[PDB]
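The file work-v5.cif comes next; it holds mmCIF, C-alpha atoms.
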```
data_query
loop_
_atom_site.label_atom_id
_atom_site.label_comp_id
_atom_site.auth_asym_id
_atom_site.auth_seq_id
_atom_site.Cartn_x
_atom_site.Cartn_y
_atom_site.Cartn_z
CA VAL A 12 101.78 98.92 121.93
CA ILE A 13 98.00 98.97 121.57
CA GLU A 14 96.30 100.96 124.34
CA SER A 15 93.54 102.12 121.97
CA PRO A 16 91.14 100.75 119.35
CA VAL A 17 92.73 102.95 116.68
CA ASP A 18 96.04 101.13 117.16
CA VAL A 19 94.20 97.81 116.78
CA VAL A 20 92.82 98.90 113.41
CA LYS A 21 96.24 100.36 112.59
CA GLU A 22 98.00 97.01 113.04
CA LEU A 23 95.28 95.01 111.29
CA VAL A 24 95.03 97.35 108.29
CA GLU A 25 98.85 97.46 108.21
CA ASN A 26 99.08 93.67 107.94
CA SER A 27 96.20 93.81 105.44
CA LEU A 28 98.01 96.15 103.06
CA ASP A 29 101.19 94.13 103.61
CA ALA A 30 99.12 91.18 102.33
CA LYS A 31 98.43 92.81 98.93
CA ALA A 32 94.81 93.51 99.78
CA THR A 33 92.96 95.66 97.27
CA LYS A 34 89.90 95.70 99.57
CA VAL A 35 90.00 96.57 103.28
CA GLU A 36 86.79 96.57 105.34
CA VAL A 37 86.86 98.02 108.87
CA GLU A 38 83.85 97.80 111.18
CA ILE A 39 83.81 99.28 114.67
CA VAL A 40 81.09 99.50 117.24
CA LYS A 41 82.11 101.29 120.42
CA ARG A 45 82.35 96.77 121.47
CA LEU A 46 83.92 95.06 118.50
CA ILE A 47 86.66 95.82 115.99
CA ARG A 48 86.56 93.94 112.69
CA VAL A 49 89.02 94.11 109.79
CA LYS A 50 88.20 92.05 106.69
CA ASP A 51 90.89 91.49 104.13
CA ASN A 52 91.34 90.99 100.39
CA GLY A 53 94.90 89.77 100.69
CA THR A 54 96.87 86.56 100.39
CA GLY A 55 95.88 85.36 103.86
CA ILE A 56 97.63 82.92 106.18
CA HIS A 57 98.65 79.33 105.60
CA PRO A 58 96.59 77.03 107.86
CA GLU A 59 99.74 75.77 109.60
CA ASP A 60 100.67 79.33 110.63
CA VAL A 61 97.23 80.43 111.85
CA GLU A 62 97.91 79.34 115.43
CA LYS A 63 101.53 80.53 115.23
CA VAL A 64 100.79 84.16 114.30
CA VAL A 65 98.35 84.57 117.21
CA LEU A 66 101.11 83.62 119.67
CA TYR A 93 102.27 89.32 115.22
CA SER A 94 98.86 90.01 116.70
CA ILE A 95 98.87 90.15 120.43
CA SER A 96 96.05 92.05 121.18
CA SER A 97 95.21 88.46 120.94
CA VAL A 98 94.52 89.86 124.30
CA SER A 99 91.61 90.63 124.40
CA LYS A 100 88.79 88.24 123.42
CA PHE A 101 90.17 87.62 119.95
CA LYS A 102 88.93 85.72 116.89
CA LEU A 103 90.69 85.30 113.53
CA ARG A 104 89.96 83.40 110.35
CA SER A 105 92.15 83.26 107.24
CA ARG A 106 92.13 81.38 103.94
CA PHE A 107 95.41 81.25 102.05
CA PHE A 108 94.84 81.92 98.38
CA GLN A 109 96.04 78.54 97.09
CA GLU A 110 94.30 76.72 99.95
CA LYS A 111 90.70 75.65 99.37
CA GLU A 112 89.80 75.57 103.06
CA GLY A 113 90.62 78.39 105.46
CA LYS A 114 90.95 78.22 109.22
CA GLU A 115 89.52 80.05 112.24
CA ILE A 116 91.17 80.34 115.66
CA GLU A 117 89.36 81.71 118.72
CA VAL A 118 91.29 82.84 121.79
CA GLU A 119 90.24 84.69 124.93
CA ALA A 120 92.63 86.84 127.00
CA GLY A 121 95.61 85.18 125.32
CA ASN A 122 94.46 81.60 125.98
CA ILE A 123 93.21 79.60 123.00
CA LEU A 124 89.56 78.55 122.97
CA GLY A 125 90.28 76.36 119.94
CA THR A 126 90.08 76.25 116.18
CA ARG A 127 87.88 75.02 113.36
CA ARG A 128 87.90 74.98 109.58
CA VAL A 129 85.53 77.36 107.78
CA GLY A 130 84.69 77.99 104.16
CA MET A 131 85.59 81.63 103.48
CA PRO A 132 86.82 83.79 100.61
CA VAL A 133 90.55 84.37 100.35
CA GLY A 134 91.69 86.82 103.00
CA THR A 135 91.55 87.38 106.74
CA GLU A 136 88.86 88.49 109.14
CA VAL A 137 89.86 89.52 112.65
CA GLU A 138 87.37 90.35 115.41
CA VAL A 139 88.31 92.04 118.68
CA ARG A 140 85.11 92.34 120.64
CA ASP A 141 85.55 93.93 124.09
CA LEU A 142 89.14 95.06 124.10
CA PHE A 143 90.55 95.21 127.64
CA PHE A 144 87.77 93.19 129.26
CA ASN A 145 90.24 91.16 131.34
CA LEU A 146 92.45 94.19 132.11
CA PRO A 147 90.70 97.18 133.65
CA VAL A 148 92.75 100.37 134.22
CA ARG A 149 93.58 99.75 130.64
CA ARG A 150 89.84 99.81 129.90
CA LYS A 151 89.31 102.92 132.04
CA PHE A 152 92.14 104.64 130.15
CA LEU A 153 89.96 104.22 127.04
CA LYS A 154 88.51 107.52 125.89
CA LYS A 155 84.93 108.51 125.11
CA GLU A 156 82.97 106.57 122.48
CA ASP A 157 82.94 109.47 120.01
CA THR A 158 86.64 110.25 120.48
CA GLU A 159 87.85 106.74 119.62
CA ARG A 160 85.41 106.68 116.69
CA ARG A 161 86.95 109.86 115.29
CA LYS A 162 90.46 108.46 115.79
CA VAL A 163 89.56 105.36 113.76
CA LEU A 164 87.87 107.52 111.12
CA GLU A 165 90.88 109.81 110.75
CA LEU A 166 93.22 106.82 110.44
CA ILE A 167 91.12 105.25 107.67
CA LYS A 168 91.16 108.66 105.98
CA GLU A 169 94.96 108.65 106.10
CA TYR A 170 95.21 105.11 104.71
CA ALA A 171 92.76 106.05 101.95
CA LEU A 172 94.58 109.24 100.93
CA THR A 173 97.82 107.23 100.94
CA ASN A 174 96.52 104.27 98.88
CA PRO A 175 94.33 105.37 95.95
CA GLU A 176 94.40 101.89 94.37
CA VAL A 177 92.92 100.11 97.42
CA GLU A 178 89.25 100.07 98.34
CA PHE A 179 88.41 101.02 101.92
CA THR A 180 85.14 100.63 103.80
CA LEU A 181 84.35 101.86 107.32
CA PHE A 182 81.31 101.03 109.45
CA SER A 183 80.20 102.68 112.69
CA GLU A 184 76.40 102.62 112.57
CA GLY A 185 76.56 102.25 108.90
CA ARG A 186 78.93 103.77 106.44
CA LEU A 191 83.28 105.35 104.75
CA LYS A 192 83.32 103.69 101.35
CA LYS A 193 85.44 104.50 98.31
CA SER A 194 86.75 102.46 95.39
CA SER A 195 89.91 102.44 93.28
CA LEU A 196 90.49 105.98 92.05
CA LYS A 197 93.08 108.52 90.89
CA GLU A 198 91.88 111.67 92.62
CA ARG A 199 90.53 110.12 95.81
CA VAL A 200 90.83 113.47 97.62
CA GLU A 201 87.49 114.52 96.13
CA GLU A 202 85.63 111.47 97.47
CA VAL A 203 86.93 111.52 101.05
CA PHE A 204 86.48 115.27 101.64
CA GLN A 205 83.18 115.41 99.69
CA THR A 206 84.24 118.39 97.58
CA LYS A 207 85.72 119.25 94.18
CA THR A 208 89.39 120.25 94.19
CA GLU A 209 91.74 122.06 91.87
CA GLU A 210 94.98 120.15 91.32
CA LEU A 211 98.31 121.98 91.50
CA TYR A 212 101.75 120.67 90.57
CA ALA A 213 105.39 121.66 90.86
CA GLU A 214 108.66 119.81 90.27
CA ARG A 215 112.11 121.31 90.83
CA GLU A 216 115.41 119.45 91.42
CA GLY A 217 114.71 116.25 93.39
CA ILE A 218 111.41 117.58 94.76
CA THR A 219 108.09 116.66 93.14
CA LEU A 220 104.94 117.75 94.96
CA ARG A 221 101.23 117.87 94.10
CA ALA A 222 98.32 119.61 95.83
CA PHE A 223 94.53 119.36 95.83
CA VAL A 224 92.69 122.48 97.01
CA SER A 225 89.06 123.48 97.32
CA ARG A 226 88.23 126.91 98.54
CA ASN A 227 85.58 127.14 101.22
CA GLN A 228 84.05 124.34 103.34
CA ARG A 229 83.60 126.61 106.39
CA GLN A 230 86.77 125.08 107.86
CA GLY A 231 90.48 124.84 107.38
CA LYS A 232 91.65 121.31 106.73
CA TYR A 233 95.34 121.10 105.80
CA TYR A 234 96.83 117.68 105.06
CA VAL A 235 100.44 117.06 104.02
CA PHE A 236 102.03 113.76 102.94
CA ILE A 237 105.82 113.47 102.64
CA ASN A 238 106.58 110.56 100.50
CA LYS A 239 103.37 108.63 101.21
CA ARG A 240 103.77 109.11 104.98
CA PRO A 241 101.32 111.58 106.59
CA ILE A 242 102.76 114.52 108.52
CA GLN A 243 100.91 116.36 111.30
CA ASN A 244 103.58 119.06 111.73
CA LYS A 245 101.74 122.22 112.76
CA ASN A 246 104.40 124.58 111.41
CA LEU A 247 103.77 123.23 107.91
CA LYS A 248 100.01 123.57 108.37
CA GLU A 249 100.33 127.21 109.43
CA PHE A 250 102.62 127.81 106.45
CA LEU A 251 99.92 126.23 104.29
CA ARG A 252 97.40 128.53 105.99
CA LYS A 253 99.49 131.53 104.96
CA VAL A 254 100.38 130.73 101.35
CA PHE A 255 97.00 129.17 100.53
CA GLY A 256 93.69 130.49 101.83
CA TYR A 257 92.94 130.68 105.53
CA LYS A 258 89.73 128.65 105.37
CA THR A 259 90.75 126.13 102.71
CA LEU A 260 91.10 122.44 102.03
CA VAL A 261 94.71 121.62 101.14
CA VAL A 262 96.08 118.11 100.54
CA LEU A 263 99.78 118.11 99.64
CA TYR A 264 101.60 115.01 98.40
CA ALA A 265 105.38 115.43 98.39
CA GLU A 266 108.15 113.22 97.00
CA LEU A 267 111.78 113.64 98.00
CA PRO A 268 114.01 110.57 97.87
CA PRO A 269 116.55 110.54 100.75
CA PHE A 270 114.85 111.92 103.87
CA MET A 271 114.56 111.26 107.35
CA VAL A 272 111.22 110.59 108.97
CA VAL A 283 108.18 114.35 113.13
CA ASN A 284 110.71 114.45 110.30
CA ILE A 285 113.75 116.31 108.98
CA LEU A 286 114.52 117.47 105.44
CA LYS A 287 116.36 120.26 103.59
CA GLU A 288 113.77 122.83 104.23
CA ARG A 289 114.30 126.01 102.23
CA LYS A 290 113.88 124.68 98.68
CA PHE A 291 110.85 122.60 99.69
CA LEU A 292 109.06 125.51 101.37
CA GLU A 293 109.82 127.92 98.53
CA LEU A 294 108.48 125.26 96.16
CA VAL A 295 105.29 125.29 98.25
CA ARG A 296 105.30 129.08 97.85
CA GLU A 297 105.66 128.50 94.10
CA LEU A 298 102.79 126.14 93.30
CA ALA A 299 100.36 128.12 95.48
CA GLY A 300 100.86 130.60 92.67
CA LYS A 301 99.22 127.91 90.55
#
```

Take the structure in the file and write it out as structure tokens.
Amino acid sequence: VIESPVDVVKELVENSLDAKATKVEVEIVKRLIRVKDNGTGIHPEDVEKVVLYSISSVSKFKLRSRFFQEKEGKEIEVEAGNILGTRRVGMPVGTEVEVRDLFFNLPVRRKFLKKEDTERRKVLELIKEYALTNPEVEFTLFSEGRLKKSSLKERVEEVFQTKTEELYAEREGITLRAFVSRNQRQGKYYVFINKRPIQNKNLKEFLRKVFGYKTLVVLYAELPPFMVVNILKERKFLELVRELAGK
């Protein structure tokens, strides 16, 4: 279920946002993975239980969590799924997890692992998706050093480092917004249906056609009862995309 560092940071950020974190800090070096958490954190009694939620407690794993009504906080260290033992630590409320040579005890997993730069870009794109999805949550990313953005309303302008025009349309059940700058030497077309990101290449070529061919486009869509690779009732959505590209 893991297979990659980007799935490690996916699970740890996923639990972090499930914890009502408003601040998520991800550090990778390509080896450790670290995710530091603003959230409610784990009860001390459950700290050893949850390690045997995260597995990927193989490999070489260390966690510490303070629950928000507990004054103490607790750290467990395991290696390759076997516990190297626990201690109490003063920490702020939240969780830190450290990963630190994934797949050391299992080669032919570790040789499946891609190039340094490739996994770095996978982690960076995932943090981009979590950021564009969650404007009200801080995110930080470290590789050498940072990538950072705070609570915002248009966060599209911070992550893509450009100024966007905002477009809007609502018809029937469908409400969809767009953020578009014009140039940036490159097409980048992002589409979010509900808050879930969609990589569908048909929709990105459609966005290439109705918007500009080298353009930034970030499209947030809301339709209530749909399916999610995803299925919807396509014609009225796509003609609504044709609409608001006429501003």

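Once the PyMOL selection byres ((chain A and resi 240) around 12) is applied to the depicted file, the selected set reads residues 169, 170, 171, 172, 173, 174, 234, 235, 236, 237, 238, 239, 241, 242, 243, 263, 264, 265, 266, 267, 270, 271, 272, 283 and 284 of chain A.
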
Residues matched by the PyMOL selection byres ((chain A and resi 210) around 12), written as a PyMOL selection string:
chain A and resi 197-201+207-209+211-213+220-226+260-264+298-299+301

Point (92.7, 81.7, 112.5), cut-off 8 Å, counting only C-alpha atoms, residues as a list in words
residues 58, 61, 62, 65, 102, 103, 104, 105, 114, 115, 116, 117 and 126 of chain A

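Matched in the shown structure by the PyMOL selection byres ((chain A and resi 183) around 8): residues 38, 39, 40, 160, 181, 182, 184, 185 and 186 of chain A.
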
Atom pair atom CA of residue A:45 + atom CA of residue A:148, distance 16.8 Å

Taking only C-alpha atoms into account, which of A:124, A:142, A:64, A:292 comes nearest residue A:48?
A:142
